[PDB]
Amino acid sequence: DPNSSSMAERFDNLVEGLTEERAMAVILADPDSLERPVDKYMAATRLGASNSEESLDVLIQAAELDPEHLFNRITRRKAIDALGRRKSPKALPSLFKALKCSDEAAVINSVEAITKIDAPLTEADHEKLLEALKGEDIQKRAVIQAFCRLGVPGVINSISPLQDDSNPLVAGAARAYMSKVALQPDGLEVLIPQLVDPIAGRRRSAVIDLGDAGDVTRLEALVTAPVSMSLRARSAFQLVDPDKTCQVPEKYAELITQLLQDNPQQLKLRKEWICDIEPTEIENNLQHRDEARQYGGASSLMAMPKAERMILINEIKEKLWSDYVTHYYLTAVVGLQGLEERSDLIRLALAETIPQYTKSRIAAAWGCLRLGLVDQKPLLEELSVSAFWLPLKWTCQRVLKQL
């Protein structure tokens, strides 16, 4: 845990859950009648991890909970995204009722749940989903995305003219649907400058939509978009490995490696995002809310002369190593410049077993290759076979292919 190596403190929220039996018991109860009313929420989350048929039928009831009073719309919301990871199609009648709910949070949850189920939908089902479409733009981007991911050519008449919704977040989702469901990818050109759009939200949305589009020619644009490497890698692997076959064709190996190595001095960064080469300047940029500024900081921390850099690398690390954002950029900079002086961080980061820090394991993996730390081969091997996040699992395979 980076908390024992860092001054900043990451506070987790451990909450005691319920057994399955107790969950089923309370999740429909009037919250005013419960010893512990918060149990009414966690029971949904608990039944989400359940496997019995009864726990699925209780969740279906919780998803049809009468939205009259306060506590039964919150619990309805969690029953619904619980039914998403359950991935059963018997949730589908409940989730389609919820498409008409007042609670617009229930609707966006119901839309993503129906996407997770990935069941066969009737023509009538697509009409119900279509009514959810033209709510407000955030819902609309979510409904469109469900059609794209579920792969639904029926609604093309409805999605196609949204390619020119004035909101790029709505238009970009619709251009991705056209590309992936209707097989017309020429609408994506708009997304390529949007990857360096001044607005962070269109930047991020662009990366997502290019991955939903299934048009692998846009891969080269993902390799350098100033967006967090997590989102890009995902989208890039949606292009190179649509079936999560854990394979990336060598024909794309060169482009996928550059992306996963994520060199801040080769991202398309504007001048506004690049900061001066002084300590507190580097630090503020890494603290900024947005990866574009953060990449600028990491970028110019690399521009710093090595003697001052090593000191700056140390001070930042002992202050913010528990901060998952900073943890990554320190690991990458050590791995990218091959600062053998700081191979302690490559080894700590590759060992990081807390999910928040997974992007650092990739940077640490690439640094094991660059630094020739053959002693990590046992842990690179385990990740090559066990690691949950496919792009992490794929980098350790490449590092071993060469170390």
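In this text, residue numbers run from 1 along the sequence as written.
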Is the mean CA B factor in the deposited entry higher across 173-181 or across 266-274? 266-274
If you average the CA temperature factors over each stretch, which comes out higher, 201-209 or 305-313? 305-313
Highest Cα B-factor in the PDB entry belongs to which of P355, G335, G48, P378? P378
Please place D323 in the lowest, middle or highest third of its chain by C-alpha B factor as given in the entry. lowest
Lowest, middle or highest third: which one holds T115 when the chain's residues are ordered by CA B-factor from the entry? middle
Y252, C-alpha B-factor rank within chain (lowest, middle or highest third): middle
In terms of its chain's C-alpha B-factors, the third that includes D103 is the highest
By the entry's values, the third containing the CA B factor of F147 is the lowest
